[PDB]
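**Q** Sharing a structure with you now.
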Amino acid sequence: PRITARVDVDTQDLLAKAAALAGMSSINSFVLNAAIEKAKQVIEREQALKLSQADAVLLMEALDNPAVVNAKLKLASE
Amino acid sequence: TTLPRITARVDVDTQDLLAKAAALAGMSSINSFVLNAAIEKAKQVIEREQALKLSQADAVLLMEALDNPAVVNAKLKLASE
């Protein structure tokens, strides 16, 4: 139930400068917020990669059953 | 361990979010994901500010040119010819 990490000199320097700029008062706060935002981005990216293949899934269906896919499209415009 | 560790308490919802994201990113632990998330965000925060200053520095210079358009036009003419 605890996120925890060792930092060395260079990372502390990096995170403190970023926390200052980001208006945070602690490194800990900066880190937690950075992690949640990235978690959301990673999760959204996987869903988005699925949807981006949607044209090809549909093309593969059309290649297999061109007439049925044309009929389905024709029904949808009614 | 010379420097203070990063440490935050998370609720179950946040932990599971970070655990799901950690698995998708192919990382073995949340703490790894968290530190790498924090480091890459720090770089982007730092460079966004560097970009922000440059962009305001450039508007100061353009604003100075708009206040001195004859001198600006003289300099442009030299480069033109």
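Chain lettering (A, B, ...) mirrors the order of the structure tokens, residue numbering begins at 1 for each chain separately, and ligand numbering begins at 1 in order of display.
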Would you give me, as a Markdown table, each residue of chain B having an atom within 9 Å of an atom of chain A, along with its shortest atom pair and that distance in Å to one decimal, using only C-alpha atoms and sorting by chain and residue number?

**A**
```
| residue | atom | partner | partner_atom | distance |
| --- | --- | --- | --- | --- |
| B:1 | CA | A:6 | CA | 6.4 |
| B:2 | CA | A:8 | CA | 8.2 |
| B:3 | CA | A:7 | CA | 6.8 |
| B:4 | CA | A:7 | CA | 7.6 |
| B:5 | CA | A:6 | CA | 4.9 |
| B:6 | CA | A:5 | CA | 4.9 |
| B:7 | CA | A:4 | CA | 4.2 |
| B:8 | CA | A:3 | CA | 5.2 |
| B:9 | CA | A:2 | CA | 4.5 |
| B:10 | CA | A:1 | CA | 5.6 |
| B:11 | CA | A:1 | CA | 6.7 |
| B:12 | CA | A:1 | CA | 7.1 |
| B:14 | CA | A:36 | CA | 7.3 |
| B:15 | CA | A:1 | CA | 7.0 |
| B:17 | CA | A:39 | CA | 6.3 |
| B:18 | CA | A:39 | CA | 5.6 |
| B:19 | CA | A:39 | CA | 8.5 |
| B:20 | CA | A:43 | CA | 7.6 |
| B:21 | CA | A:39 | CA | 4.9 |
| B:22 | CA | A:39 | CA | 7.6 |
| B:24 | CA | A:42 | CA | 7.2 |
| B:25 | CA | A:42 | CA | 7.2 |
| B:30 | CA | A:3 | CA | 7.2 |
| B:31 | CA | A:3 | CA | 5.8 |
| B:32 | CA | A:5 | CA | 7.8 |
| B:33 | CA | A:35 | CA | 7.3 |
| B:34 | CA | A:35 | CA | 5.0 |
| B:35 | CA | A:5 | CA | 6.7 |
| B:36 | CA | A:35 | CA | 8.4 |
| B:37 | CA | A:35 | CA | 5.2 |
| B:38 | CA | A:31 | CA | 5.0 |
| B:39 | CA | A:15 | CA | 6.9 |
| B:40 | CA | A:34 | CA | 8.6 |
| B:41 | CA | A:34 | CA | 6.1 |
| B:42 | CA | A:18 | CA | 5.0 |
| B:43 | CA | A:14 | CA | 7.5 |
| B:44 | CA | A:18 | CA | 8.7 |
| B:45 | CA | A:18 | CA | 5.9 |
| B:46 | CA | A:18 | CA | 5.9 |
| B:49 | CA | A:21 | CA | 7.8 |
```

**Q** Quick one: write out the picked residues with N, CA and C atoms as a compact mmCIF listing (two decimals), in the first residue's frame?

**A**
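Final output, part_18.txt:
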```
# COMPACT_ATOMS: atom_id res chain seq x y z
N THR B 1 20.91 4.92 0.06
CA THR B 1 20.02 5.39 1.19
C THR B 1 20.49 6.64 1.92
N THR B 2 21.52 7.31 1.42
CA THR B 2 21.99 8.55 2.05
C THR B 2 20.90 9.64 2.01
N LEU B 3 20.25 9.75 0.85
CA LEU B 3 19.19 10.72 0.59
C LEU B 3 17.81 10.15 0.99
N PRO B 4 16.84 11.03 1.30
CA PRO B 4 15.53 10.51 1.73
C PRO B 4 14.87 9.71 0.60
N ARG B 5 14.33 8.55 0.93
CA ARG B 5 13.62 7.76 -0.07
C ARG B 5 12.36 8.49 -0.53
N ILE B 6 11.97 8.27 -1.78
CA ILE B 6 10.60 8.57 -2.19
C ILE B 6 9.67 7.56 -1.55
N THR B 7 8.53 8.06 -1.07
CA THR B 7 7.54 7.29 -0.37
C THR B 7 6.21 8.02 -0.47
N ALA B 8 5.17 7.32 -0.90
CA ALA B 8 3.80 7.84 -0.79
C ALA B 8 2.86 6.70 -0.47
N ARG B 9 1.80 6.98 0.27
CA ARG B 9 0.75 6.00 0.51
C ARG B 9 -0.21 6.03 -0.68
N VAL B 10 -0.68 4.86 -1.12
CA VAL B 10 -1.65 4.82 -2.21
C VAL B 10 -2.92 4.13 -1.74
N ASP B 11 -4.08 4.52 -2.27
CA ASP B 11 -5.26 3.69 -2.00
C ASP B 11 -5.28 2.48 -2.94
N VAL B 12 -6.19 1.54 -2.72
CA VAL B 12 -6.19 0.32 -3.51
C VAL B 12 -6.39 0.62 -5.00
N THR B 14 -5.50 3.27 -6.75
CA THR B 14 -4.27 3.81 -7.32
C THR B 14 -3.24 2.71 -7.53
N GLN B 15 -3.05 1.87 -6.51
CA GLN B 15 -2.17 0.72 -6.62
C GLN B 15 -2.49 -0.19 -7.80
N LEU B 17 -4.28 0.62 -10.51
CA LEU B 17 -3.93 1.41 -11.69
C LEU B 17 -2.45 1.30 -12.05
N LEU B 18 -1.58 1.49 -11.06
CA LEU B 18 -0.14 1.45 -11.29
C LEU B 18 0.36 0.02 -11.59
N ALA B 19 -0.28 -0.95 -10.95
CA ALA B 19 -0.02 -2.38 -11.19
C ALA B 19 -0.44 -2.78 -12.60
N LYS B 20 -1.65 -2.40 -13.03
CA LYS B 20 -2.05 -2.61 -14.43
C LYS B 20 -1.12 -1.92 -15.46
N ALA B 21 -0.77 -0.66 -15.21
CA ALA B 21 0.17 0.06 -16.07
C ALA B 21 1.56 -0.55 -16.07
N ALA B 22 2.03 -1.01 -14.90
CA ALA B 22 3.33 -1.68 -14.77
C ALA B 22 3.41 -2.97 -15.60
N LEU B 24 1.48 -3.76 -18.33
CA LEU B 24 1.50 -3.30 -19.73
C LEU B 24 2.82 -2.73 -20.16
N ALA B 25 3.54 -2.08 -19.26
CA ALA B 25 4.82 -1.51 -19.66
C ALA B 25 5.90 -2.57 -19.57
N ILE B 30 5.72 -1.95 -9.28
CA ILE B 30 5.14 -0.62 -9.25
C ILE B 30 6.20 0.42 -8.96
N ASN B 31 7.13 0.12 -8.04
CA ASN B 31 8.14 1.09 -7.60
C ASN B 31 9.07 1.48 -8.72
N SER B 32 9.37 0.51 -9.59
CA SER B 32 10.09 0.75 -10.83
C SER B 32 9.36 1.65 -11.81
N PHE B 33 8.09 1.34 -12.00
CA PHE B 33 7.23 2.09 -12.89
C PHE B 33 7.14 3.54 -12.44
N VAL B 34 6.91 3.68 -11.14
CA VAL B 34 6.77 4.95 -10.48
C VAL B 34 8.02 5.83 -10.67
N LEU B 35 9.20 5.30 -10.35
CA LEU B 35 10.43 6.05 -10.49
C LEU B 35 10.73 6.43 -11.94
N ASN B 36 10.54 5.49 -12.86
CA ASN B 36 10.74 5.77 -14.28
C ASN B 36 9.71 6.76 -14.84
N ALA B 37 8.43 6.64 -14.42
CA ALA B 37 7.39 7.66 -14.67
C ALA B 37 7.79 9.05 -14.16
N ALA B 38 8.26 9.13 -12.93
CA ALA B 38 8.69 10.39 -12.35
C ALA B 38 9.89 11.03 -13.07
N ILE B 39 10.89 10.23 -13.40
CA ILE B 39 12.06 10.73 -14.11
C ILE B 39 11.73 11.28 -15.51
N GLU B 40 10.86 10.59 -16.25
CA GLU B 40 10.55 11.03 -17.61
C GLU B 40 9.66 12.27 -17.63
N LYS B 41 8.79 12.38 -16.64
CA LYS B 41 7.97 13.55 -16.42
C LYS B 41 8.82 14.73 -15.99
N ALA B 42 9.87 14.48 -15.19
CA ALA B 42 10.77 15.56 -14.77
C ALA B 42 11.52 16.16 -15.96
N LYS B 43 12.12 15.31 -16.80
CA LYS B 43 12.70 15.75 -18.08
C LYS B 43 11.70 16.56 -18.94
N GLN B 44 10.48 16.09 -19.11
CA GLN B 44 9.53 16.85 -19.93
C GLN B 44 9.07 18.18 -19.32
N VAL B 45 8.90 18.23 -18.00
CA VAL B 45 8.63 19.47 -17.26
C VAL B 45 9.79 20.47 -17.44
N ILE B 46 11.02 20.01 -17.23
CA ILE B 46 12.20 20.85 -17.40
C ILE B 46 12.36 21.40 -18.84
N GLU B 49 9.65 24.01 -19.80
CA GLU B 49 9.98 25.33 -19.27
C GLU B 49 11.07 26.01 -20.10
```

**Q** Tell me, in Å to one decimal, how far atom CA of residue A:72 is from atom CA of residue A:59.

**A** 13.5 Å

**Q** Using atom CA of residue B:55 and atom CA of residue B:72 as the two end points, give the distance in Å to one decimal.

**A**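 Spanning atom CA of residue B:55 to atom CA of residue B:72 is a straight-line distance of 19.8 Å.
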
**Q** Quick one: pick out all helix (DSSP H, G or I) residues within chain B from a backbone DSSP run and write them as a PyMOL selection string.

**A** chain B and resi 12-24+30-67+69-80

**Q** Between atom CA of residue B:59 and atom CA of residue B:79, what distance in Å does the model show, to one decimal?

**A**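 Going from atom CA of residue B:59 over to atom CA of residue B:79 covers 21.5 Å.
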
**Q** Can you check which residues of chain B DSSP gives as strand (DSSP E) on the backbone and send them as a PyMOL selection string?

**A** chain B and resi 6-9
